>>> print(open('run_33.cif').read())   # mmCIF, C-alpha atoms
data_work
loop_
_atom_site.label_atom_id
_atom_site.label_comp_id
_atom_site.auth_asym_id
_atom_site.auth_seq_id
_atom_site.Cartn_x
_atom_site.Cartn_y
_atom_site.Cartn_z
CA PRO A 438 1.51 4.36 29.27
CA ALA A 439 4.12 6.37 27.42
CA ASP A 440 6.30 7.27 30.39
CA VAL A 441 6.72 3.75 31.76
CA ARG A 442 7.57 2.68 28.24
CA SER A 443 10.00 5.59 28.12
CA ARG A 444 11.98 4.51 31.17
CA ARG A 445 11.63 0.73 30.81
CA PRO A 446 12.34 0.35 27.14
CA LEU A 447 12.64 -3.38 26.45
CA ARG A 448 9.57 -5.61 26.55
CA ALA A 449 11.09 -9.08 26.58
CA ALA A 450 14.43 -10.53 27.52
CA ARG A 451 15.71 -14.04 26.90
CA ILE A 452 19.10 -14.86 28.38
CA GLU A 453 21.10 -18.01 27.74
CA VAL A 454 24.22 -18.69 29.79
CA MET A 455 26.65 -21.39 28.70
CA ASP A 456 30.15 -22.41 29.73
CA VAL A 457 33.29 -22.13 27.67
CA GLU A 458 34.15 -25.83 27.82
CA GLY A 459 37.66 -26.59 28.95
CA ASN A 460 38.25 -23.04 30.19
CA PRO A 461 36.74 -23.01 33.63
CA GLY A 462 34.68 -20.18 35.00
CA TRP A 463 34.45 -18.42 31.64
CA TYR A 464 30.77 -18.07 30.86
CA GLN A 465 29.18 -17.33 27.49
CA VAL A 466 26.01 -15.26 27.51
CA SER A 467 23.49 -14.31 24.84
CA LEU A 468 21.30 -11.39 25.89
CA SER A 469 18.49 -10.77 23.42
CA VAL A 470 15.94 -8.00 23.87
CA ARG A 471 12.74 -6.90 22.10
CA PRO A 472 12.20 -3.16 22.44
CA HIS A 473 8.99 -1.23 22.26
CA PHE A 474 8.18 -0.46 18.66
CA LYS A 475 7.85 3.24 18.07
CA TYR A 476 5.25 4.36 15.52
CA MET A 477 7.13 5.09 12.29
CA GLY A 478 4.73 4.95 9.36
CA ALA A 479 1.42 3.55 8.24
CA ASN A 480 -0.73 3.22 5.14
CA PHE A 481 -4.41 4.12 5.21
CA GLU A 482 -7.20 3.03 2.90
CA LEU A 483 -10.63 4.62 3.31
CA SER A 484 -13.95 3.59 1.79
CA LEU A 485 -17.53 4.75 2.04
CA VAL A 486 -19.97 1.88 2.49
CA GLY A 487 -23.53 1.22 3.58
CA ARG A 488 -24.74 -1.80 5.57
CA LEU A 489 -21.92 -1.60 8.15
CA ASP A 490 -22.50 -2.60 11.78
CA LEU B 330 11.35 23.20 3.92
CA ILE B 331 11.79 19.51 3.28
CA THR B 332 8.54 18.07 2.01
CA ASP B 333 7.51 14.76 3.51
CA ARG B 334 8.27 12.65 0.47
CA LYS B 335 11.74 14.16 0.46
CA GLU B 336 12.04 13.41 4.16
CA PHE B 337 11.11 9.76 3.73
CA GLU B 338 13.64 9.50 0.93
CA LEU B 339 16.35 10.96 3.16
CA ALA B 340 15.26 8.49 5.81
CA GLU B 341 15.66 5.57 3.43
CA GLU B 342 19.13 6.75 2.44
CA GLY B 343 20.29 6.72 6.05
CA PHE B 344 20.11 10.43 6.80
CA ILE B 345 18.50 12.31 9.69
CA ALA B 346 16.37 15.02 8.13
CA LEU B 347 15.93 18.10 10.28
CA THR B 348 12.47 19.11 9.07
CA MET B 349 11.17 22.62 9.49
CA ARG B 350 7.56 23.00 10.56
CA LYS B 351 6.16 25.51 8.07
CA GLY B 352 4.74 28.65 9.60
CA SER B 353 6.42 28.10 12.94
CA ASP B 354 9.89 28.55 14.40
CA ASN B 355 10.10 24.91 15.44
CA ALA B 356 11.72 21.91 13.79
CA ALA B 357 11.61 18.17 14.21
CA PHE B 358 13.31 14.88 13.45
CA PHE B 359 10.65 12.75 11.81
CA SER B 360 13.23 9.96 11.51
CA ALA B 361 16.60 9.01 12.95
CA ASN B 362 17.80 6.11 10.82
CA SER B 363 21.46 5.14 10.74
CA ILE B 364 23.64 4.48 7.72
CA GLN B 365 23.30 0.74 7.27
CA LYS B 366 21.23 -0.45 4.35
CA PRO B 367 18.23 -2.41 5.57
CA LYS B 368 18.56 -5.91 4.14
CA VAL B 369 15.99 -7.76 2.04
CA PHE B 370 15.29 -11.38 2.97
CA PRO B 371 13.03 -13.91 1.19
CA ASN B 372 9.31 -13.49 1.84
CA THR B 373 8.74 -16.45 4.14
CA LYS B 374 7.94 -16.52 7.84
CA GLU B 375 11.57 -16.81 8.92
CA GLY B 376 12.54 -14.24 6.30
CA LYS B 377 10.23 -11.60 7.68
CA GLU B 378 11.45 -12.29 11.21
CA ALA B 379 15.04 -11.85 10.12
CA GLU B 380 14.19 -8.65 8.25
CA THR B 381 12.37 -7.45 11.37
CA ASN B 382 15.46 -7.99 13.47
CA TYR B 383 17.68 -6.43 10.88
CA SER C 2 -5.93 5.08 -16.62
CA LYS C 3 -8.40 3.08 -14.58
CA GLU C 4 -6.78 2.41 -11.17
CA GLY C 5 -6.60 6.03 -10.16
CA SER C 6 -3.26 7.29 -8.94
CA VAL C 7 -1.34 7.66 -5.70
CA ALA C 8 1.28 10.01 -4.35
CA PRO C 9 4.85 8.79 -3.93
CA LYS C 10 5.17 6.95 -0.63
CA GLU C 11 5.38 9.08 2.49
CA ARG C 12 5.33 8.42 6.23
CA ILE C 13 1.53 8.34 6.21
CA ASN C 14 0.07 6.86 3.03
CA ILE C 15 -3.61 7.67 2.62
CA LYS C 16 -5.45 6.58 -0.50
CA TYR C 17 -9.09 5.79 -1.12
CA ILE C 18 -10.21 2.55 -2.74
CA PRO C 19 -13.68 1.23 -3.41
CA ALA C 20 -13.86 -0.15 0.07
CA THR C 21 -16.75 -2.51 -0.60
CA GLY C 22 -14.12 -5.17 -1.23
CA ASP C 23 -16.66 -7.05 -3.29
CA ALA C 24 -14.81 -10.10 -4.43
CA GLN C 25 -16.75 -12.08 -7.05
CA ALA C 26 -18.34 -8.86 -8.33
CA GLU C 27 -17.95 -7.91 -11.98
CA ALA C 28 -19.58 -5.15 -13.99
CA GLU C 29 -21.76 -5.63 -17.05
CA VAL C 30 -23.94 -3.26 -19.01
CA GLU C 31 -27.50 -4.50 -19.38
CA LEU C 32 -27.16 -5.69 -22.93
CA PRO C 33 -29.67 -4.23 -25.38
CA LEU C 34 -32.18 -6.59 -26.95
CA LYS C 35 -31.07 -5.42 -30.35
CA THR C 36 -33.85 -6.41 -32.73
CA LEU C 37 -32.68 -6.51 -36.32
CA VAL C 38 -35.75 -5.85 -38.45
CA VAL C 39 -35.00 -7.12 -41.96
CA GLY C 40 -37.52 -6.49 -44.70
CA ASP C 41 -38.21 -4.95 -48.09
CA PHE C 42 -37.90 -1.24 -47.40
CA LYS C 43 -37.16 0.34 -50.80
CA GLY C 44 -38.78 0.06 -54.17
CA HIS C 45 -35.87 -1.54 -55.98
CA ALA C 46 -32.92 -3.87 -55.80
CA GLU C 47 -29.56 -2.37 -54.95
CA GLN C 48 -26.42 -3.46 -56.77
CA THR C 49 -24.38 -2.96 -53.61
CA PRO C 50 -23.40 -6.34 -52.09
CA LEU C 51 -24.87 -7.37 -48.80
CA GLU C 52 -21.69 -7.09 -46.74
CA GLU C 53 -21.17 -3.43 -47.64
CA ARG C 54 -24.59 -1.86 -47.05
CA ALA C 55 -25.04 -0.65 -43.50
CA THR C 56 -27.54 -1.01 -40.68
CA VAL C 57 -29.63 2.02 -39.78
CA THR C 58 -30.31 2.78 -36.14
CA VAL C 59 -33.96 3.75 -35.66
CA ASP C 60 -35.58 5.18 -32.60
CA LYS C 61 -38.67 7.25 -32.00
CA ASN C 62 -36.57 10.39 -32.10
CA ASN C 63 -35.29 10.12 -35.65
CA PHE C 64 -37.76 7.91 -37.54
CA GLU C 65 -38.76 10.74 -39.84
#
>>> encode(input="run_33.cif", output="structure tokens")
Amino acid sequence: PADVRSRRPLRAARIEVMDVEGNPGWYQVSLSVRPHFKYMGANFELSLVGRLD
Amino acid sequence: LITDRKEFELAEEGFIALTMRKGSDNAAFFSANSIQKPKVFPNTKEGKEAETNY
Amino acid sequence: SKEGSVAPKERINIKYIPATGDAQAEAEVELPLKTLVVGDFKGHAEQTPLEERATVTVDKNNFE
């Protein structure tokens, strides 16, 4: 629901941790997130029709 | 009273349009874009992913 | 025009199309079986050449 999305915003997280080679201890991290998409626009097309289930 | 076409244009130009709700005393941000021009990438699969990220 | 018109693009674009979506559907008028009755209809020859004299539409409502 909207509240749990409001306080936990990011849906996925993929973290890669690599070493700086030849410089020991120094770690190199890529932290990539995918947030919740918030509804910001749509196009609508309407059509009368018969025969529809 | 910014009409909604004018609001979407201000949103594409990187502006935050404070829009008055007509007949009320309340206002709203329909959009909060930042300045940076949204890039156009080629219309492939990887291109639409990179536009999505951008 | 023939495609209708739309507003300039907003946050919520609503337009109505013929939503049947009938691909492989084209429109034709039922073509009239236009019978061209050609016969001797006046008491004389006309000097006017054949390409210039005109056809006369006849129905029940203006035959007289």
>>> closest_atom_pairs(input="run_33.cif", of="chain B", to="chain A", cutoff="10 Å", atoms="all atoms listed in the file", output="CSV")
residue,atom,partner,partner_atom,distance
B:337,CA,A:478,CA,9.8
B:359,CA,A:477,CA,8.4
B:360,CA,A:477,CA,7.8
B:382,CA,A:471,CA,9.1
>>> closest_atom_pairs(input="run_33.cif", of="chain C", to="chain A", cutoff="6 Å", atoms="all atoms listed in the file", output="CSV")
residue,atom,partner,partner_atom,distance
C:12,CA,A:478,CA,4.7
C:13,CA,A:479,CA,5.2
C:14,CA,A:480,CA,4.3
C:15,CA,A:481,CA,4.5
C:16,CA,A:482,CA,5.2
C:17,CA,A:483,CA,4.8
C:18,CA,A:484,CA,6.0
C:19,CA,A:484,CA,5.7
C:20,CA,A:484,CA,4.1
>>> write_last_selection(input="run_33.cif", atoms="C-alpha atoms", output="compact mmCIF listing (two decimals), keeping the file's coordinate frame")
# COMPACT_ATOMS: atom_id res chain seq x y z
CA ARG C 12 5.33 8.42 6.23
CA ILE C 13 1.53 8.34 6.21
CA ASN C 14 0.07 6.86 3.03
CA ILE C 15 -3.61 7.67 2.62
CA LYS C 16 -5.45 6.58 -0.50
CA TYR C 17 -9.09 5.79 -1.12
CA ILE C 18 -10.21 2.55 -2.74
CA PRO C 19 -13.68 1.23 -3.41
CA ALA C 20 -13.86 -0.15 0.07
>>> closest_atom_pairs(input="run_33.cif", of="chain C", to="chain B", cutoff="7 Å", atoms="only C-alpha atoms", output="tab-separated table")
residue	atom	partner	partner_atom	distance
C:9	CA	B:334	CA	6.8
C:10	CA	B:334	CA	6.6
C:11	CA	B:334	CA	5.0
C:12	CA	B:337	CA	6.4
>>> atom_distance(input="run_33.cif", atom1="atom CA of residue A:469", atom2="atom CA of residue A:449")
8.2 Å
>>> atom_distance(input="run_33.cif", atom1="atom CA of residue B:341", atom2="atom CA of residue B:374")
23.8 Å
>>> atom_distance(input="run_33.cif", atom1="atom CA of residue A:438", atom2="atom CA of residue A:472")
14.7 Å
>>> residues_around(input="run_33.cif", residues="stretch 361-366 of chain B", least_positions_apart="6", cutoff="7 Å", atoms="all atoms listed in the file", output="count of residues only")
4
>>> residues_around(input="run_33.cif", residues="stretch 450-459 of chain A", least_positions_apart="3", cutoff="10 Å", atoms="only C-alpha atoms", output="list in words")
residues 447, 462, 463, 464, 465, 466, 467, 468, 469, 470, 471 and 472 of chain A
>>> write_last_selection(input="run_33.cif", atoms="C-alpha atoms", output="short mmCIF file (atom, residue, chain, number, x, y, z; two decimals), keeping the file's coordinate frame")
data_model
loop_
_atom_site.label_atom_id
_atom_site.label_comp_id
_atom_site.auth_asym_id
_atom_site.auth_seq_id
_atom_site.Cartn_x
_atom_site.Cartn_y
_atom_site.Cartn_z
CA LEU A 447 12.64 -3.38 26.45
CA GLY A 462 34.68 -20.18 35.00
CA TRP A 463 34.45 -18.42 31.64
CA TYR A 464 30.77 -18.07 30.86
CA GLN A 465 29.18 -17.33 27.49
CA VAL A 466 26.01 -15.26 27.51
CA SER A 467 23.49 -14.31 24.84
CA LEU A 468 21.30 -11.39 25.89
CA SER A 469 18.49 -10.77 23.42
CA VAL A 470 15.94 -8.00 23.87
CA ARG A 471 12.74 -6.90 22.10
CA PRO A 472 12.20 -3.16 22.44
#
>>> build_atoms(input="run_33.cif", residues="stretch 339-358 of chain B", atoms="N, CA, C and O atoms", output="PDB file, in the coordinates of the input")
ATOM      1  N   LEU B 339      15.131  10.797   2.369  1.00  0.00           N
ATOM      2  CA  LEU B 339      16.350  10.960   3.160  1.00  0.00           C
ATOM      3  C   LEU B 339      16.405   9.971   4.303  1.00  0.00           C
ATOM      4  O   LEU B 339      17.488   9.629   4.782  1.00  0.00           O
ATOM      5  N   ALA B 340      15.253   9.491   4.754  1.00  0.00           N
ATOM      6  CA  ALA B 340      15.260   8.490   5.810  1.00  0.00           C
ATOM      7  C   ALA B 340      15.638   7.132   5.256  1.00  0.00           C
ATOM      8  O   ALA B 340      16.259   6.325   5.954  1.00  0.00           O
ATOM      9  N   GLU B 341      15.275   6.852   4.006  1.00  0.00           N
ATOM     10  CA  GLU B 341      15.660   5.570   3.430  1.00  0.00           C
ATOM     11  C   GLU B 341      17.123   5.550   3.028  1.00  0.00           C
ATOM     12  O   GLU B 341      17.719   4.475   2.915  1.00  0.00           O
ATOM     13  N   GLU B 342      17.726   6.711   2.813  1.00  0.00           N
ATOM     14  CA  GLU B 342      19.130   6.750   2.440  1.00  0.00           C
ATOM     15  C   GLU B 342      20.043   6.766   3.649  1.00  0.00           C
ATOM     16  O   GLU B 342      21.264   6.837   3.487  1.00  0.00           O
ATOM     17  N   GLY B 343      19.485   6.706   4.852  1.00  0.00           N
ATOM     18  CA  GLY B 343      20.290   6.720   6.050  1.00  0.00           C
ATOM     19  C   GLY B 343      20.662   8.085   6.568  1.00  0.00           C
ATOM     20  O   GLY B 343      21.719   8.243   7.173  1.00  0.00           O
ATOM     21  N   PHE B 344      19.820   9.082   6.360  1.00  0.00           N
ATOM     22  CA  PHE B 344      20.110  10.430   6.800  1.00  0.00           C
ATOM     23  C   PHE B 344      19.041  10.869   7.794  1.00  0.00           C
ATOM     24  O   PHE B 344      17.912  10.380   7.770  1.00  0.00           O
ATOM     25  N   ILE B 345      19.408  11.789   8.674  1.00  0.00           N
ATOM     26  CA  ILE B 345      18.500  12.310   9.690  1.00  0.00           C
ATOM     27  C   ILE B 345      18.066  13.687   9.202  1.00  0.00           C
ATOM     28  O   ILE B 345      18.832  14.647   9.245  1.00  0.00           O
ATOM     29  N   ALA B 346      16.837  13.797   8.744  1.00  0.00           N
ATOM     30  CA  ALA B 346      16.370  15.020   8.130  1.00  0.00           C
ATOM     31  C   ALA B 346      15.810  15.942   9.194  1.00  0.00           C
ATOM     32  O   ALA B 346      14.766  15.650   9.778  1.00  0.00           O
ATOM     33  N   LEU B 347      16.493  17.047   9.445  1.00  0.00           N
ATOM     34  CA  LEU B 347      15.930  18.100  10.280  1.00  0.00           C
ATOM     35  C   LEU B 347      14.844  18.803   9.483  1.00  0.00           C
ATOM     36  O   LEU B 347      15.144  19.547   8.549  1.00  0.00           O
ATOM     37  N   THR B 348      13.588  18.570   9.833  1.00  0.00           N
ATOM     38  CA  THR B 348      12.470  19.110   9.070  1.00  0.00           C
ATOM     39  C   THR B 348      11.869  20.318   9.750  1.00  0.00           C
ATOM     40  O   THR B 348      11.462  20.265  10.910  1.00  0.00           O
ATOM     41  N   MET B 349      11.773  21.399   9.001  1.00  0.00           N
ATOM     42  CA  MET B 349      11.170  22.620   9.490  1.00  0.00           C
ATOM     43  C   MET B 349       9.666  22.445   9.486  1.00  0.00           C
ATOM     44  O   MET B 349       9.114  21.844   8.566  1.00  0.00           O
ATOM     45  N   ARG B 350       9.015  22.934  10.530  1.00  0.00           N
ATOM     46  CA  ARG B 350       7.560  23.000  10.560  1.00  0.00           C
ATOM     47  C   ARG B 350       7.117  24.336   9.995  1.00  0.00           C
ATOM     48  O   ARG B 350       7.341  25.375  10.622  1.00  0.00           O
ATOM     49  N   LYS B 351       6.483  24.303   8.822  1.00  0.00           N
ATOM     50  CA  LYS B 351       6.160  25.510   8.070  1.00  0.00           C
ATOM     51  C   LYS B 351       5.213  26.408   8.834  1.00  0.00           C
ATOM     52  O   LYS B 351       4.206  25.949   9.371  1.00  0.00           O
ATOM     53  N   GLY B 352       5.547  27.693   8.890  1.00  0.00           N
ATOM     54  CA  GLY B 352       4.740  28.650   9.600  1.00  0.00           C
ATOM     55  C   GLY B 352       5.029  28.740  11.071  1.00  0.00           C
ATOM     56  O   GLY B 352       4.335  29.464  11.789  1.00  0.00           O
ATOM     57  N   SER B 353       6.043  28.033  11.546  1.00  0.00           N
ATOM     58  CA  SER B 353       6.420  28.100  12.940  1.00  0.00           C
ATOM     59  C   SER B 353       7.888  28.498  12.999  1.00  0.00           C
ATOM     60  O   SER B 353       8.502  28.874  11.995  1.00  0.00           O
ATOM     61  N   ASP B 354       8.455  28.420  14.192  1.00  0.00           N
ATOM     62  CA  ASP B 354       9.890  28.550  14.400  1.00  0.00           C
ATOM     63  C   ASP B 354      10.440  27.285  15.039  1.00  0.00           C
ATOM     64  O   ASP B 354      11.433  27.325  15.765  1.00  0.00           O
ATOM     65  N   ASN B 355       9.793  26.160  14.779  1.00  0.00           N
ATOM     66  CA  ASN B 355      10.100  24.910  15.440  1.00  0.00           C
ATOM     67  C   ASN B 355      10.452  23.879  14.382  1.00  0.00           C
ATOM     68  O   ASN B 355       9.957  23.938  13.258  1.00  0.00           O
ATOM     69  N   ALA B 356      11.306  22.933  14.737  1.00  0.00           N
ATOM     70  CA  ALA B 356      11.720  21.910  13.790  1.00  0.00           C
ATOM     71  C   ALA B 356      11.657  20.550  14.463  1.00  0.00           C
ATOM     72  O   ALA B 356      11.500  20.440  15.679  1.00  0.00           O
ATOM     73  N   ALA B 357      11.788  19.498  13.664  1.00  0.00           N
ATOM     74  CA  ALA B 357      11.610  18.170  14.210  1.00  0.00           C
ATOM     75  C   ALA B 357      12.358  17.141  13.393  1.00  0.00           C
ATOM     76  O   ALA B 357      12.540  17.296  12.185  1.00  0.00           O
ATOM     77  N   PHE B 358      12.776  16.080  14.071  1.00  0.00           N
ATOM     78  CA  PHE B 358      13.310  14.880  13.450  1.00  0.00           C
ATOM     79  C   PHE B 358      12.163  13.909  13.265  1.00  0.00           C
ATOM     80  O   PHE B 358      11.736  13.270  14.229  1.00  0.00           O
TER      81      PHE B 358
END
